[PDB]
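Trainee: just need the structure, nothing else, for what follows:
(chains A, B, C and D)
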Amino acid sequence: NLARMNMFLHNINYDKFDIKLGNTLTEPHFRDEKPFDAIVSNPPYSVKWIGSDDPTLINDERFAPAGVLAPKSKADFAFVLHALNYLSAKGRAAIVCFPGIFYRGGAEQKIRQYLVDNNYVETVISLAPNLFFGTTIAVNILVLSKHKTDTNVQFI
Amino acid sequence: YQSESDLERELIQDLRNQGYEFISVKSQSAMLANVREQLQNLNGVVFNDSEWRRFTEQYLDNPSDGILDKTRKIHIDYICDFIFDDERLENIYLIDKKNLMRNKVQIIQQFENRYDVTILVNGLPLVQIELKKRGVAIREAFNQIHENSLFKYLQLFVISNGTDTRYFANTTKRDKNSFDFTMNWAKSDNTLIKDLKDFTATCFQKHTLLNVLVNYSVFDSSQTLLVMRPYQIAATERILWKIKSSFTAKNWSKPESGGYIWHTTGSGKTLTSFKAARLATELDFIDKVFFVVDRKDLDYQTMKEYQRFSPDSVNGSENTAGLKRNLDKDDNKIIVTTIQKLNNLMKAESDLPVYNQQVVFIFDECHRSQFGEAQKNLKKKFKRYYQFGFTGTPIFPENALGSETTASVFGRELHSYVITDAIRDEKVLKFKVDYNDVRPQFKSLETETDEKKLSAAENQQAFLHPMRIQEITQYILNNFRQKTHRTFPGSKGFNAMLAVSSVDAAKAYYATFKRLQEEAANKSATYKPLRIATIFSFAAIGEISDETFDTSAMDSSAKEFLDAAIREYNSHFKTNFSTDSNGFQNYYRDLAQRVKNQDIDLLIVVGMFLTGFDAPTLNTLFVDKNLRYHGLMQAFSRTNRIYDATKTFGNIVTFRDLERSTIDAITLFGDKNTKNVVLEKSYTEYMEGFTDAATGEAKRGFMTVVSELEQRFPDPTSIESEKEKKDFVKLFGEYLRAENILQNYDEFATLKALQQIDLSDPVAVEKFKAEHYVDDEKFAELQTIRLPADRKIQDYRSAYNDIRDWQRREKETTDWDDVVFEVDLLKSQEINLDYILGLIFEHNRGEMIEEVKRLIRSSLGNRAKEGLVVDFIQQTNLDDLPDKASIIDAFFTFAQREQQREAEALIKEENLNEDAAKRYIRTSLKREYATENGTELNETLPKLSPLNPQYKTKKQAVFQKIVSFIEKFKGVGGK
Amino acid sequence: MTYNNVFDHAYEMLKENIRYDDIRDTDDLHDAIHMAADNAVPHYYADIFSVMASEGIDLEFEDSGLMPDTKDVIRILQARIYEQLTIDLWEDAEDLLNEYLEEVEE
Amino acid sequence: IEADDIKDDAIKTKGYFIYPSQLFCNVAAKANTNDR
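Mentor: Numbers count the residues shown, from 1 in each chain, chains lettered A, B, ... in the order given. See the structure here:
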């Protein structure tokens, strides 16, 4: 509710500026509209969800080439595998993450393997502690693209 | 939005935005310098001038290399065991197949006029983009053409006009220079992408383009490049997903570690399964992949192009020596096996070393007899197995009939390719199934549905009656040349098959076929008896069993009657085929070769040629046999193959009633549209009257409406007053509503072609008979029916449409709320500015103003260009334009110029804010319509905001000006 | 946000590291405890103090080597959370070894 | 609705109010607001 009135206060029009209610993982829409030219995100931590798998989420369209799923308490990278389905050729993604990845278990090891196995990740930028509300650690900023240079430049 | 130079410029800008680095090289040797700069970055070597010229001329540019040699350098001969100055033996790559993203890519345009764009892959060109104009059709552009040596490395062409876009593999064969091997591109859901910009926004991902060129390019053992269909490419990486994803989750050897691909027939299962197998061999933990195909699923083609790949074992033999050779030896990680070798393995052995290894399967169109046997030992033996199945007719849980299903084996679905996609994309042909109730003597028996008298009345009063069969056969032998275009000399012709059920029945068939062959010379002497030939051994309506080729199934009624068929075959052919499961198998394969080039022109098979046989050389099937779902689909998939423009639909003449079975078996697959996309209604219903009792309304009965609209309103000049308007509109809406459904029928267009006859015109007799499946009875009864001429068809819809604009702004009577407008009914056969500008050059030797004035008032959606076209041709001279597309581009250039003028003119005359006006106009242009929503309409009104009275003027007044402006320039560019 | 809430996340991540890695060793799974229990601690201020105000956990260490001898009070609290969770996962691992490895025999 | 009326009234002629409701989609009245 407060999100749907947040942009309404800032002189924005009526037509398109929607927010849909539900899980972005299990209930996406619009699939059919469209590969986007820019996304932004901030996923919450501890957003656990049923796998891996009891549901049909093994065979979904956003997980076609990548690798094995994301477990429950480490559900951050499910948003970023959700990300690069909903992106065009042109634009870029800018997502945020926990810093503490070494390989994050035998599931996320091959997730990071897949993400750097192409030029999907363009840059990663670490941040400054605290600069938030009681974290006290910093966070990551991954900037992804389907867009070559190609070297995985790490401007942390 | 049409100038192809600017289309090329937008292509350049989009590819620069996606990451293609655009360079500019206008010399021959700097191309090689770029290649040297790319390959030294890729492989990490350093050439001097001597090593670079040596590597160029000795490995890259031996000048006598053919185009097949250029392609051979790509997929096999791409690693040179190369010698340096210090004479060390290193590997030299061209394209890194391990990590595809390593290869840097660039784009150029050629030298030297025409507008083409070439994609350099590590400096090497593989992809040429031709951009032909919008006046040029793409099939016409392909028939035009299809130095130096670097531009002979090309592997793929994409030709487009902006509206349509197709791609095809680089071929130099002249039969392969026919247009039918060019393909469109679709998304994952098999919805087409026809336009240019979305084709670039989908196909021109770097990963996608390199993946197609590397891991999906069919380079066979005959140097013939093929490119897989997009649903095949989508479904292959579903499999290569599912293997790794089930392996890491460690859920192997279970039905959820199964998974089925559902591709209809016409999916390249010789090719697709083989390519997925070869990609599955490259996985590290996977060691053994089983290519499980029936010998019914095999042909000569799996023995033809697989000579270096798998020779002299790809057939249903009994020996597991070719099995155990791959069960022991490495580097052949694919095991091409058959159900006979598999049954020998599952009955002779349960002690293989391969059980604790990785086991991968491929299945193909499986029935319930052999595949119902094999899984019972497959669950017994294997420890880590991966089973995947290709099918076109699934063994559903919906029609399971007591036994093992697709969900029981494979479970979850991986990828679908329905039949109506191939119907929708012309990979198959439509059908002709109306029931042949030519004999009511066996009326309830030729329409019998209960199981009882279909088999237990194996007698000459239900189904073995010879005098029934040969009068049926005389009906075939009258329509033998007729239904296969052969009564018109000039066509090549086609042949037919026969669906039979048993063996002694088939003896009574075939010997009496020979009796009518004798009576085709005795009683007729003009019907030339073509060599009827049967094939069947012994089996072994809901289960298609493969008739095995051993003498442990046949008798003298089966085998020795087939030997009579041998000695009547060798009475004409004199062949060298024996009677085992090899020589009779090769007899079957030579027979399939002779039917393939239409030597034998009548075939009689009990239960074969169904799951694996493919031939576009047959258009008609005669069926006297009951069938159910999978047999229905496979038998109907025998005439559906596209061949040329002539073969358009496949005839099925059913003698047992299976039309409701056809309805319910295609209702298994598609939509309520699809029951009448193809078939299933008789033509006389809508023409001469019927009644749907769902609401009990007037289901006319088209000629009644025809004669009423003829007599009551002969012309739009007869339509003056308002009730005279409504009495025409209320019936002409029902006219077009019937005509829309009639246009799906063949007989309606047959009648439209009979509206263009001449007297007596033996061309329009002879050419029209056996190229539209027409006799003289059609010449009588379709001349009894008449249609108004096409000038009347133009002025009927113009009289509809000017009344439709007369209902606009009125809003100012007879009631018009009961009169429903018909927007999708005038969607039939628009004039889309192409038919106008074709006639603009075709009108020679102006006085064509009345022609364009008539045609512009026919179509809604074009009439505000009425003030654009005529004012064009009064202003400009068509003598300066050389051809059609030049006058098209001149017209749209004039249109954009006057659009940009009158856009300023309409804003100057009404005192808007210029920036808000310029935003809203070109927002509505690319938006394709106009709206009321959004604050920017009040911000472009712009000065007052009510505070009524009254503010319809100027608000809805300027709005009505703007919507007419949008109708004036919809479908054109300009800013 | 109790101690049991954090213990459930550490419990489930322990079941992940035993399950999807398929390790059948005591010492390597205690290194997996070092992985999982350290990754299940909260990060907000009030979400740490709510567990500290809850039952189960106390203030004082047993090993003062977990303490950085400085102003890093939240590091001390996080180390106490880590120590209590590692003790409970000593007991939980000695349960789940013979509970789970007997279960995976198929 | 006012580019005159510091205070308002319920005379909005309710065949009209759909046209800002097709543009802003919130019409209480002229006199059901926080200023009133």
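Trainee: can you give me the helices in chain A?
Mentor: Using DSSP state H, the helices found in chain A span residues A:2-6, A:77-83, A:105-117.
Trainee: so of those, which one's packed in deepest?
Mentor: A comparison of these by mean neighbour count, using mean count of other C-beta atoms under 10 Å in any protein chain shown, puts helix A:77-83 on top with a mean of 21. Every C-beta, even on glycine, is put in place using the N, C-alpha and C of the backbone.
Trainee: if we can go back for a sec, quick one, which of the helices of chain A gets closest to chain D.
Mentor: Nearest to chain D, of all those, is helix A:2-6, at 11.4 Å by C-beta to the nearest C-beta.
Trainee: could you list the residues in contact with the closest one?
Mentor: residue A:19 (C-beta atoms under 8 Å, 6 or more residues apart in numbering or on different chains).
Trainee: closest to residue B:894 out of the helices of chain A?
Mentor: For the helices of chain A, proximity to residue B:894 was assessed by C-beta to C-beta; helix A:77-83 is nearest, at 46.8 Å.
Trainee: what sits closest to the closest residue to chain D within chain C if chain neighbours are left out?
Mentor: Closest contact between chain C and chain D, by C-beta to the nearest C-beta, is at residue C:46 (34.5 Å). With C-beta to C-beta, 6 or more residues apart in numbering or on different chains as the criterion, residue C:46 has its nearest non-adjacent residue at 7.4 Å, and that residue is residue A:134.
Trainee: separation between the residue nearest the centre of chain D and residue D:5?
Mentor: By C-alpha atoms, centre = their mean, chain D has its centre lying nearest to residue D:30, at 3.8 Å. The spacing between residue D:30 and residue D:5, counted by C-beta to C-beta, to the nearest Å, is 7 Å.
Trainee: repeat that for residue B:478.
Mentor: According to C-beta to C-beta, residue B:478 and residue D:5 sit 90 Å apart.
Trainee: likewise residue B:312?
Mentor: Remark: distance between residue B:312 and residue D:5 (C-beta to C-beta) = 96 Å.
Trainee: can you count the residues close to the residue of the stretch 201-350 of chain B found nearest chain C?
Mentor: Closest to chain C within the stretch 201-350 of chain B is residue B:250: 7.2 Å, counting by C-beta to the nearest C-beta. Neighbourhood size, residue B:250 [other C-beta atoms under 10 Å in any protein chain shown]: 13.
Trainee: can you check residue B:4 too?
Mentor: Using other C-beta under 10 Å: residue B:4 sits among 19 other residues.
Trainee: so it sits against residue B:115, correct?
Mentor: Yes - at 6.0 Å, residue B:4 counts as touching residue B:115 under the criterion of C-beta atoms under 8 Å.
Trainee: what touches both of the two?
Mentor: Counting by C-beta under 8 Å, 6+ apart, the shared contacts of residue B:4 and residue B:115 are residue B:131.
Trainee: just give the nearest non-adjacent residue to the residue nearest to the centre of chain D, would you?
Mentor: residue D:8 (3.7 Å).
Trainee: give me phi/psi at that neighbour?
Mentor: phi -140, psi -170 (degrees, to the nearest 10).
Trainee: quick check: it vs residue B:367, distance?
Mentor: 79 Å.
Trainee: now the residue in chain C that chain A sits nearest to. Nearest residue, chain neighbours left out?
Mentor: Of all residues in chain C, residue C:45 sits closest to chain A, at 3.8 Å by C-beta to the nearest C-beta. Nearest residue to residue C:45, sequence neighbours excluded (C-beta to C-beta, 6+ apart): residue A:134, at 3.8 Å.
Trainee: the one you found and residue C:47, how far apart?
Mentor: Residue A:134 sits at a distance of 9 Å from residue C:47 (criterion: C-beta to C-beta).
Trainee: could you do residue A:40 as well?
Mentor: Using C-beta to C-beta, residue A:40 is found at 26 Å from residue C:47.
Trainee: ok, now which ones touch the residue in chain C that chain B sits nearest to?
Mentor: For chain C and chain B, the shortest gap (C-beta to the nearest C-beta) falls at residue C:22, measuring 7.2 Å. Residue C:22 sits next to B:250, C:104 when contact means C-beta under 8 Å, 6+ apart.
Trainee: so it, which of the three states?
Mentor: coil (DSSP: H, G, I helix; E, B strand; the rest coil).
Trainee: which phi and psi does it have?
Mentor: Here is the backbone geometry of residue C:22 (degrees, to the nearest 10): phi 60, psi 60.
Trainee: strands of chain D, residue ranges please.
Mentor: Counting by DSSP state E, one finds no strands in chain D.
Trainee: list, one by one, the residues from it near chain B.
Mentor: Proximity of chain D to chain B is confined to D:1-4, D:13, D:16, D:19, D:22-23 under the rule C-beta under 8 Å from any C-beta of the partner chain.
Trainee: same check, this time on chain C
Mentor: Counting by C-beta under 8 Å from any C-beta, chain C sits next to chain B at C:20, C:22.
Trainee: which residues of chain C fall in helices?
Mentor: Using DSSP H, the helices of chain C run over C:3-19, C:26-36, C:45-53, C:73-100.
Trainee: which of the ones you listed has the highest mean neighbour count?
Mentor: Ranked by mean neighbour count, the helices of chain C are led by helix C:3-19 with a mean of 19 (mean count of other C-beta under 10 Å).
Trainee: near chain B, which residues of chain A are found?
Mentor: A:13-15, A:35, A:52-53, A:56, A:58-59, A:61, A:63-69, A:88-90, A:106-107, A:110, A:117-119, A:146-150.
Trainee: residue of chain D closest to chain C, please.
Mentor: For chain D and chain C, the shortest gap (C-beta to the nearest C-beta) falls at residue D:34, measuring 34.5 Å.
Trainee: likewise for chain A?
Mentor: Closest point on chain A to chain C, by C-beta to the nearest C-beta, is residue A:134, at 3.8 Å.
Trainee: what's the local residue count around the closest residue in space to residue B:914 that isn't next to it in sequence?
Mentor: Excluding its sequence neighbours, the residue lying closest to residue B:914 (C-beta to C-beta, 6+ apart) is residue B:907, at 6.4 Å. Other residues within reach of residue B:907, judged by other C-beta under 10 Å, total 18.
Trainee: if we can go back for a sec, thought the residue nearest to the centre of chain D was touching residue D:6?
Mentor: No - at 11.5 Å, residue D:30 does not count as touching residue D:6 under the criterion of C-beta under 8 Å.
Trainee: circling back: helix, strand or coil for the residue of the stretch 201-350 of chain B closest to chain C?
Mentor: coil.
Trainee: whatever residue of chain D ends up closest to chain A: what's it in contact with?
Mentor: Chain D approaches chain A most closely through residue D:25 (6.1 Å), counting by C-beta to the nearest C-beta. By C-beta under 8 Å, 6+ apart, the contact list for residue D:25 reads residue A:14.
Trainee: hmm, 10 Å instead?
Mentor: A:14, B:933, D:18 (C-beta atoms under 10 Å, 6 or more residues apart in numbering or on different chains).
Trainee: ok, now which ones touch the last one?
Mentor: Okay, so that is residue D:18. Contacts here follow C-beta under 10 Å, 6+ apart; on that basis residue D:18 touches D:25, D:27.
Trainee: now the first one
Mentor: For residue A:14, the residues meeting the contact criterion (C-beta under 10 Å, 6+ apart) are A:8, B:933-935, D:22-26.
Trainee: now a ChimeraX select for only the buried ones of these.
Mentor: Restricted to buried positions by 16 or more other C-beta atoms under 10 Å in any protein chain shown, the ChimeraX selection for the contacts of residue A:14 reads:
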select /B:934
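Trainee: so what's the residue count around the residue lying closest to residue B:185 once chain neighbours are set aside?
Mentor: Excluding its sequence neighbours, the residue lying closest to residue B:185 (C-beta to C-beta, 6+ apart) is residue B:193, at 5.0 Å. Using other C-beta under 10 Å, residue B:193 has 18 other residues around it.
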